[PDB]
Each structure stands twice: as C-alpha cells, then as structure tokens.
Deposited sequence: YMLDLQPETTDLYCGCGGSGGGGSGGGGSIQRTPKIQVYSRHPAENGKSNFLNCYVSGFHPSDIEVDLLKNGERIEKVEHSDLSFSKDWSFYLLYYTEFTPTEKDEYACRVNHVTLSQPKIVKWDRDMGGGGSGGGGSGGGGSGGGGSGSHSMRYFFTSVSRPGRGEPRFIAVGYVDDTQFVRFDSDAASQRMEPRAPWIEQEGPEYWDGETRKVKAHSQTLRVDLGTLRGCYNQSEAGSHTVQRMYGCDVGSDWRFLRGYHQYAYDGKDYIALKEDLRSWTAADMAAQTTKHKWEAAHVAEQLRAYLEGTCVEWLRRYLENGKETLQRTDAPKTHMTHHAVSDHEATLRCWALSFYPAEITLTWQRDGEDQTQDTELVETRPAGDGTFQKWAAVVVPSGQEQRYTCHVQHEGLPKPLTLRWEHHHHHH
C-alpha cells in the first residue's frame, strides 16, 4: 500500500560505481537435472547495464531478469537468470557491460522483526522518450509488487502469490498512486536539471525510498523517507519523522518549502499508521511465505545455502538470491555461523 499524497506535496523546488558480479546456480549442479543459472550484479551506478548469459561462447536467447531495486547506499542490483540443464561439456558465463568498464567483463560459472519498503527509480532519456520509471515493493526480503513504465500493462503487477488475492479496488488504487509517483519523479528530473545548470542531453537518475519497520510484536519501530539525485543524498526525513536532512543549498530550498507546507506531518501519518497497518495485513495474508524461517543447509570456504531471511553472519562474498525466495553465501579464510532459523 503506497503513499497517497496530492501532486504538489512531494515536488522539488530549488559518483559512478562499478558492478560486482556473481555467477552461480540456484541448486547444486547435477548433470541432467533442470536448474537455473544466475548472474547477480550489484553495487553499481548508474542503472544502465547490459548483462548477457553465455553458453559455450554464444548468447543464451531467453533470459529474464528481476526488477530494478537498490540498496541503502543507492547502488543498484539485479538478478539475471534462465532455466538450464547442465551437462558435462557445456560451459557457462556472464558478460556485463557498464559505463565504468573499458570493455565488457566476463565471469565464468565455476561448476522476528519485519519491514515494508518501496523503491522508485526514474532515469531520464533525452530525446528517446519519457523517463524510464521502475517501482518495486518489498515485505522483508520478498518482492511483492512492481511497475515498469516500459511494460505493456501500465498497471501495478503482483510478484508474490499472497498479493494476488487483492481485488480490483486494490490494484486500481496502487496503479493510480504509482503513476502519480512517476509523474512526480518526471517533474523532479526536469526541475533538478535546471537547478544544477545541466545540459538537456544528459541522462540523470532520481531515486525515492520509503517504508516502515515493526518489531516482533508488529508495533512501529522506525520510518524512512529518502531521496537521491544521481546516486547522491539529496533530502531525507530524520529518524523522528518531523524534520529534514538536506545535502546542499539546492536541497535546503526544498527543505524550507516542505517545512512551511508541513509535508513531514503527512509522511509521518503514513509511515506510523497506514504503512504498519498494511504491513500487518501482508504478514497475515502471506504468513506461509513471509513468516517462515528456512535454516541454511551448510556444506577454507564455508558454504550456506537455501536460507531465509537473508540476514546471516559468517574474503566474504555478498549474500545473493537463489531466485526461488531463498539466499546463499560463502566466506573464505573454524567458520562461525549465525542465523535466525537455526537454534
């Protein structure tokens, strides 16, 4: 359940990172057994990236990918995947191209607290049309809704089984609100271009994130509402949800207009009230999925596989999604393990 504010409420008035790449299978590799080949890219900025899955020196045709999301430091991450049956001879790899790379990089395949978060990304495409807008919603480490301006439906779409229950009134409202979020970010891109005296031909990125945390008693803990321009902090709500943090003089002008209009009070009402109310509904409707704990199957490199949630403690490689709701991790040098699903 997204924020529902009027158009003029969140309108603005006034560092490239190279991707980390991981290639792996969802399950342990077994000849003749259907599996999924994954290429997890993360920690990169800007969002434009070209990812290919290679089989025996040629591109794999039907490759799907996850919806664009980003981490607390505003860097993006994506999962590229495809179904495959590995055999003895076949060799697989991932090729990644990005503005930070002088040439495409190839990586071979070596064979009870809760939260609700919404992530919004809008990237300007001068001349090539309206900005590319992608919105995703999370409950804990599970994506459940999405919106892509380039997709055909022009609707908010389900990405979890427990959200498909919701009726047309729900989807109409979320579709209406996410389109308003997009309209806000499009205007903000044009506004921010002028405030920084930037050329109309350059591509720029606007990012918005907000959500709420609850404890094991499902009572409100903390709320967030943050905003970034080109991967850098612009304006954010402080932990108390009544005052703002601005980065530079352009964001300080926005801060004053929002303080006079009492924008923080409207966001506080959503984050402390509406956000927790629908998070509780989601945790109930998806209890079989969201309230489960999956213990890590364990097997100097320490392995941990097929666990949920992603929080875990073990060269340390980033925790990665398996593509089926579970996660993976390994660490290289006794090995210490800590997870919520294991006594």
- Message: As a test: can you identify every run of the deposited sequence that has no C-alpha position in this structure, in order?
- Response: 15 to 29, 127 to 148, 337 to 348, 364 to 376, 396 to 405, 416 to 429
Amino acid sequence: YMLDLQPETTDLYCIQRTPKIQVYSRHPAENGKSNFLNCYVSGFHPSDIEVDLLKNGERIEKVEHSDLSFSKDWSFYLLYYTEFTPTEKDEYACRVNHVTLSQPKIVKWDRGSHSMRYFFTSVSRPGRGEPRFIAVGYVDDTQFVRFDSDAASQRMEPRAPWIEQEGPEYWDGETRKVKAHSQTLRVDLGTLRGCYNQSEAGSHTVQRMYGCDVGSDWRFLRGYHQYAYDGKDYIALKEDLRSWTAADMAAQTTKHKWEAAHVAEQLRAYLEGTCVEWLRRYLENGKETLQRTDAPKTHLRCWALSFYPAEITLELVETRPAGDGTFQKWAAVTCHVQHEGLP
From here on, numbers count along this sequence of modelled residues.
- Query: Which has higher Cα B-factors on average according to the PDB entry: 27 to 35 or 62 to 70?
  - Reply: 27 to 35
- Could you settle it for me: does 5 to 13 or 320 to 328 have the higher average Cα B factor in the PDB entry? 5 to 13
- Query: In this PDB entry, which of 213, 200, 166, 157 has the top CA B-factor?
  - Reply: 200
- Query: Per the coordinate record, which of the options 53, 41, 275, 310 holds the highest CA temperature factor?
  - Reply: 310
- Message: Among the modelled residues of this chain, does the Cα B factor of residue 153 put it in the lowest, middle or highest third?
- Response: middle
- Third of chain Cα B-factors occupied by residue 185: middle
- According to the PDB entry, is the CA B factor of residue 287 in the bottom, middle or top third of its chain, that is, lowest, middle or highest? middle
- Of the three thirds of its chain by CA temperature factor, lowest, middle or highest, which one includes residue 105? lowest
- Query: So where's residue 162 on the chain's Cα temperature factor ranking, which third?
  - Reply: middle
